[PDB]
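# Structural description and commentary
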Amino acid sequence: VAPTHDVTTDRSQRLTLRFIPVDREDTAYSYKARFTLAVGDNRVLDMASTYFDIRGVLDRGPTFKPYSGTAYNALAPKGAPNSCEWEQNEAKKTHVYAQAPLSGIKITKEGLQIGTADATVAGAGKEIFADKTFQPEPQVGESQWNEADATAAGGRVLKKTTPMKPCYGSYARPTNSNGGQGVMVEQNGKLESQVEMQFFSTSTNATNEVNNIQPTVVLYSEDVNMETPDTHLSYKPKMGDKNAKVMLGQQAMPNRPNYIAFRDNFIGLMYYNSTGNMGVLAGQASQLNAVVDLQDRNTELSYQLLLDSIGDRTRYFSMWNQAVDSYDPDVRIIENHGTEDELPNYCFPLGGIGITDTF
Amino acid sequence: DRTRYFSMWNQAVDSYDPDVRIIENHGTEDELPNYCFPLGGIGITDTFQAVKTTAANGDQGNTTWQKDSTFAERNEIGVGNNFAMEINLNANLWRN
Amino acid sequence: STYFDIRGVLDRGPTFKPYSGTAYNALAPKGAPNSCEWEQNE
Amino acid sequence: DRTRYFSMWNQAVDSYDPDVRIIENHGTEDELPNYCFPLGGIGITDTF
Amino acid sequence: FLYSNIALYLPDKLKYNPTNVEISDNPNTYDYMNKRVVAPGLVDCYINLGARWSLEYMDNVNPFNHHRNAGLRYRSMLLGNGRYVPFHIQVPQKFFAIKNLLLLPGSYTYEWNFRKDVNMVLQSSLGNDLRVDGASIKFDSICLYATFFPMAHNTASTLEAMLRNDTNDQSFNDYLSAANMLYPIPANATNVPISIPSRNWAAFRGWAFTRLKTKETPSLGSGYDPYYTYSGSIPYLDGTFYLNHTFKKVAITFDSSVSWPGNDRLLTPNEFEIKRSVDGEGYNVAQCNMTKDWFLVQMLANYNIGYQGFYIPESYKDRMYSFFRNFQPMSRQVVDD
Amino acid sequence: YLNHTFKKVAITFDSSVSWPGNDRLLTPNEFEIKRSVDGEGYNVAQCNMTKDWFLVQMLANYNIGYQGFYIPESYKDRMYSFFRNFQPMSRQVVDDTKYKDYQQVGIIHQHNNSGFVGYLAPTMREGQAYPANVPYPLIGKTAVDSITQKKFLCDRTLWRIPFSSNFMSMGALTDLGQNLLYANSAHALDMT
Amino acid sequence: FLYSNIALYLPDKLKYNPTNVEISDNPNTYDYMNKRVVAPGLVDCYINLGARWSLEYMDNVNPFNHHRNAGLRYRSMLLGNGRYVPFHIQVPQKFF
Amino acid sequence: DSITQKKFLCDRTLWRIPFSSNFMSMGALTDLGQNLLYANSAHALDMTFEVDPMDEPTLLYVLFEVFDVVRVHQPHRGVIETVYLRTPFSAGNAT
Amino acid sequence: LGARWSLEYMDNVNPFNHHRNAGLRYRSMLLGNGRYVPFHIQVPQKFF
Ligand SMILES: [Ca+2]
């Protein structure tokens, strides 16, 4: 049975009191505050329950990267170049290195046909062409490995204006609504997007002869504002820009990670044991200070040792931002046990048999 | 206690691995194919020369000039997907 | 101390797959077909 | 305690993996490449 | 795993500049630390095979600034993952005199300060000049909270009346309870003497010492320190020491005539001796480089073990910052030349 | 697993009083588990739980709160408790009204890691390689204006509201369960 | 790991029907929960980088019915891996 | 033909030397601290540390373990008075 | 597959001599990784 009387009162009084500051002083480095505590008549306040409260805005800087590795074509090989075009002096010609994955129906002047309208009166036999902004996209492709090697192939390639970067870690923000990258040039306004089309046919097969050299590959070219936000080159062939054939082979690697964050257990956020700026707790009748502080009494380390001594430390409390810092046991002391690789480990080819033969 | 090690009288108990005396087999999550690609990015590749349209009076798509004035005549291009070998990953680690 | 004792027969059914992944030709590529022959027109 | 398992009464608490409900995505360590070679060691060849 | 987690934190003297890429010339920036290249062959798969050894180069690199720091990782994830973050912290009170003081009715004035330096209030797993990089912090507002037990008025008044007599005072003592000194050790020096002029030594308790890097010890007292460019872990404040293994020996003397241990209570009576070089009187223990006297002294001073045969102390008497918890001996064999 | 979907709770006896009684909380009329945007700063633990609920829970589970907050001992805190199962979470996302180039993109037109991955199914790889366009950057020299979201997550426990004067657990038969101003009459109860 | 252990348990309203396969119409049968298809782009590697943040959709989904429920898999492997099983259990008394 | 090397690592700790007769811990106030010879006179102290070389400036950090206490008293309403004391080294001022 | 079981053939094979025996691994790595070693041991007393 619990006690029944002379424990808890009945007159209305608060459980939690909040005091606004009375004086604030700012400086280049310091920042000082002063409040007026008021322990009312017939109460008892335990200072161990008080705690400050702060809030504001933080800018961790341009060297924040909490994730290891990158997140832009992580799976791509570390040296595969993007579908690109570049100039070369033989008095200057354009060379292309790209890839067309998509299979269409037939190629005409307008562009690679994709589908057809409904087989209906007044709508039967209406061809549909690719939209220049976003339609031939780098996602779709041939479904199964028994590809038929279509004759109407389309794709994309970045004009020679944009500099070349390795595919590993290369991002470029969308512009249109349908996720199609492309610079909106200012031409009578930002209304129009500049996307060109280029055609290609078989050399050898259509060299000696003509046959109206029908085209078989259509490349829609564009120009995007690409940037590498968290990767850097690890082998640059020549010091100069203006991409050439050699610059096709540059390779990148990710940036080392940082973890900028508030210090453990809020160390340094308050001045302690410094005669320059000393805290003040006193009676308002006469300002006889009650906090005399030397310059040798180290408070932070003492509080750390106490917090270890009276409790457990391997748990995390969010409220005080309390989480001890420790290293991995294996990083400091390596244990080289080799590995376990008795069996081989092979990568077979997709179909199941590689080279074959006719019979 | 006996788990902890004292490095003076070589006091360190000898215990097996609880996952080797009893093999709790469960298979291995391999819902996704783990492919392996070429080093350049494209494997097979052909050869192509640029062409350009004509004035296109009517049904003149057959008429088609060569744009060799600007483009080189041996540009490389790939068709379809890229070369790709495949290896199941978790199965090999578990089997080893 | 007392506790009931029970025994009998249980049938979990046809939708009971304890292991993840598969257990037949596990290492094979996801598309490779068996040696097979088929019929076709001219 | 409840973590330990007693078989007789089929006493085994049920719990979820800590890393499935709350994902701590730190990326992955991939500084070095990782190459697959040819069985013989030399792939293509010539004649001399 | 090996290459990343070891070879990217080697000392700066073992790397070399890259080629055909711009590199900043400031040795304390993220750019310079990121751009340098390191040869994998130093720490390849075949190093110290079969041995429980630690790289000699990486035995003095502060290991608490490392992207495996569980505490740092947790705090950084807790704050956010973006770059422009509002924050709503709560700060406790740490001074020992008024940490647990039980105040009494009245009206008091309470005033304190706060820092705005970016280095001292932030920690970065890498360690780099955070003034140059461009981090910023802007406090907006501040308030104070307190909680009262809603105790009955008769009982509270009685307690107040009793706690004002001149004999029911209150007392407190700082848990560490020590006076600190710092002495400089110039580069490559090995001998450090310290002299204390005559005074009284009543109610002494003992000594406790360690070593520190000058680059990570902010100047005491001074409000600002423009010659302080580092933002890793500070051992002097949060207590993460990583250099206790570099001491060799300690000697004490009173009145320049008498050594303090005096009577032959140690194997080497005139001086303590932590570790020995290759020396064959047969003294070291624990299959390591530490002598017997130091081991006995440490075991006595930490757990009252040593006059009844050594053994593992109980868990409850062996906290995180203790001695036996993190004492690792190691050895290996190398090729004679 | 659904504890985290409560907003507010209100008690009322005889359709005239409020059970917390005389002014005793930051919000005297009713408890308040969590809340949306609040400029007064009533949140704690960097999550979005008000101080009142945190204090009430701590008092009801461990008699902690009138002499400062600290981690409770292991034996006093079991598996089906409140502190062991408390998880604060927060992240940052891209603001729209303050970023100029925001463009909502469906899942249909998202090409990241293209040319080495399936297409809306776990099928074989397809597609060319091309710079990516899905994950907006939040770091580096070219981040974007961002807002912050915070939430808390707790499971395997029941919220508790004890029937006592000062919320502490002073015994099985609570004192407020004996007073004849609350135990010598008849009353009807409303809750919302 | 991400794709399997998260994307396979997303809420049903985010999965579309497959093509050229017979799928039951009872939304509780194992067949319906098995033959559905979920696009891997939802929970790919580039999701909430650096943030210790649970997903949004998969928040009110029961997390105890899941194939990593250590207690559940222990109670499952205790009886055996077969299909037809003779069982020999004991049951205690629970009333107070 | 091989040669052997030994070492030890010990971080997250401070080296301790107690000012006791037998080195044990028999209380907060060691018996030597009460010894008349060290209590009714004055003496000078000399210490010599020998460490291993390093190639950057460093610091030796010494902690003299002493008694540090504060007594707080408050007779009348709205008044706080305190008395600090550190025994072996200093205590406020005098005269 | 899918069963928690221990192979019949290996129930009667001493499972404490095995290259995952933490005690053996620790002691061997403590003594050195070479082939010729000098050792400096201390043996306790064990009679009752
Ligand atoms: Ca050709």
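Residues numbered from 1 in each chain as written, not as in the entry; some residues may be left out. Chains lettered and ligands numbered in written order. Part of a larger assembly, values for the part shown. Heavy atoms only, no water.

In the PDB archive, cryo-EM is given as the structure determination method for this entry, at a resolution of 3.7 Å.

The name given to chain E in the PDB entry is Hexon protein, and the organism recorded there is Human adenovirus 6. For this structure, the PDB header gives the title as "Cryo-EM model derived from localized reconstruction of human adenovirus 6 (Ad6)-hexon-FII complex".

The name given to chain D in the PDB entry is Hexon protein, with the source organism recorded as Human adenovirus 6.

## Considerations on helix α3 (residues 70-79) of chain G
The complete set of buried residues in α3(G) reads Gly71(G), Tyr74(G) and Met77(G). Looking down the long axis of α3(G), one finds its buried residues gathered within 135° of arc, a one-sided arrangement. Elements that come into contact with the buried residues of α3(G) comprise β1 (23-24) of chain B together with β1 (4-5) of chain I. Downstream of α3(G) by a residue or two, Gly80(G) has a phi angle that is positive, lying close to 130°. (Buried < 20%, exposed > 50% of the residue type's maximum accessible area, 1.4 Å probe, protein only. Helix = DSSP H or I, 4+ residues; strand = E, 2+ residues; numbered from the N terminus. Arc of directions from axis to C-beta. Contact = heavy atoms within 4.5 Å.)

## Things to note about the pattern of salt bridges
According to the stated counting rule, one finds 46 salt bridges over all chains in the structure shown. Across the pair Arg20(I) and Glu340(A) runs a salt bridge whose closest N-O atoms are separated by 3.2 Å. With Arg20(I) in the loop between β1 and α1 (22-31) and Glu340(A) in the segment after α2 (329-332), this residue pair bridges two chains. The class of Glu340(A) is partly exposed, set by a relative accessible area of 44%. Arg35(F) is paired through a salt bridge with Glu32(F); the nearest N and O atoms lie 2.6 Å apart. For the pair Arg35(F) and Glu32(F), a shared accessibility class is recorded, and that class is buried. (Salt bridge = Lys/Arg side-chain N within 4 Å of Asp/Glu carboxyl O.)

## Some points on the side chain of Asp53(A)
Structurally, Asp53(A) can be placed in strand β4 (residues 51-59). Nearest to the buried, unbridged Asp53(A) among oppositely charged side chains is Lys51(F), at 4.1 Å. If we ignore the near neighbours within four places in the chain, the residues touching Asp53(A) are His88(E), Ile89(E), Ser141(E), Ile142(E), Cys143(E), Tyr145(E), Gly41(F) and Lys51(F). (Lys, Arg positive; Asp, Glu negative; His and termini not counted.)

## Observations concerning the packing of aromatic side chains
Scanning the model with the defined rule gives 68 aromatic pairs over all chains in all. Ring geometry for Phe200(A) versus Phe71(B): centroids 5.9 Å apart, planes at 80°, classification edge-to-face. Taken together, the residues span two chains, with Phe200(A) in strand β11 (residues 196-202) and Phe71(B) in the loop between β4 (64-66) and β5 (76-79). One aromatic cluster in this structure is built from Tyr31(A), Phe35(A), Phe52(A), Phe262(A), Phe266(A), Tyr272(A), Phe87(E), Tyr110(E), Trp112(E), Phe114(E) and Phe139(E). The cationic tip of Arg43(A) hangs over the ring face of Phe148(E); the distance from NZ or CZ to the ring centre is 5.6 Å. Positioned over the ring face of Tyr9(E) is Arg256(A), at 4.9 Å from the centre of the ring. (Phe/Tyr/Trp six-rings, centres within 6.5 Å; stacked < 30°, edge-to-face > 60°. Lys NZ or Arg CZ within 6 Å of the ring centre and 35° of its normal.)

## Things to note about the sheet that holds strand β3 (residues 106-115) of chain E
Ordered in space as β2(A)-β3(A)-β3(E)-β16(A), the four strands form an open sheet in which the pairing is antiparallel. Strand pairing shows two members of the sheet lacking a second neighbour, β2 (23-26) and β16 (280-283) of chain A, which therefore form its edges. With direction set aside, neighbouring strand axes in the sheet form an average angle of 15°. (Pairing = 2+ DSSP bridges. Axes fitted to C-alpha atoms, helices over the stretch in contact; angles between N-to-C directions.)

## Examining unusual backbone geometry
The backbone of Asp59(B) shows a phi angle near 50°, a positive value even though the residue is not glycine. Position of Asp59(B) relative to the elements: it lies in the loop between β3 (48-53) and β4. Note on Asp59(B): relative accessible area 78%, which makes it exposed. The residue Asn10(D) is not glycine, and still its phi comes out positive at about 55°. Along the polypeptide, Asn10(D) turns up in the segment before α1 (18-21). According to the relative accessible area criterion, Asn10(D) is partly exposed, its value standing at 42%.

## Examining the nonpolar core
Among the nonpolar cores identified, the biggest contains 55 residues, and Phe52(A), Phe262(A), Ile89(E), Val91(E), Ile98(E), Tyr110(E) and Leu122(E) are the most heavily contacted of them. Those elements that place two or more of their residues in this core are β3 (30-39) and β4 of chain A, β1 (84-87), β3 and β5 (136-147) of chain E together with β5 (68-73) of chain H. With near-sequence residues (within four places) excluded, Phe262(A) lies in contact with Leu58(A), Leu269(A), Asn321(A), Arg75(E), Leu79(E), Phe87(E), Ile89(E), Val121(E) and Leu122(E). Formed by 50 residues, the second largest nonpolar core is a distinct cluster that contains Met290(E), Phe295(E), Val297(E) and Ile17(H). (Core = buried A, V, L, I, M, F, W, Y, C linked by side-chain atoms within 4.5 Å.)

## Considering a positive patch on the surface
Residues and elements named next belong to chain A. Together, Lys 92, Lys 160, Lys 238 and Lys 242 give the surface a local cluster of positive charge. Here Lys 238 lies in the loop between β13 (231-235) and β14 (251-254). The exposure class assigned to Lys 238 is partly exposed, which follows from its relative accessible area of 33%. (Patch = residues over 30% accessible without salt bridge, like charges linked within 9 Å, V, L, I, M, F, W, Y side chains within 5 Å. Areas by Shrake-Rupley, 256 points an atom, 1.4 Å probe, with all protein chains shown as cover. Charge placed at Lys NZ, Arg CZ, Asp CG, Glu CD.)

## Re a nonpolar patch on the surface
Together, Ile23(B), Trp5(I), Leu7(I), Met10(I) and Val13(I) give the surface a local cluster of nonpolar side chains, amounting to about 480 Å² of exposed area. Its place among the elements puts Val13(I) in the loop between β1 and α1. The partly exposed category is assigned to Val13(I), whose relative accessible area is 43%.

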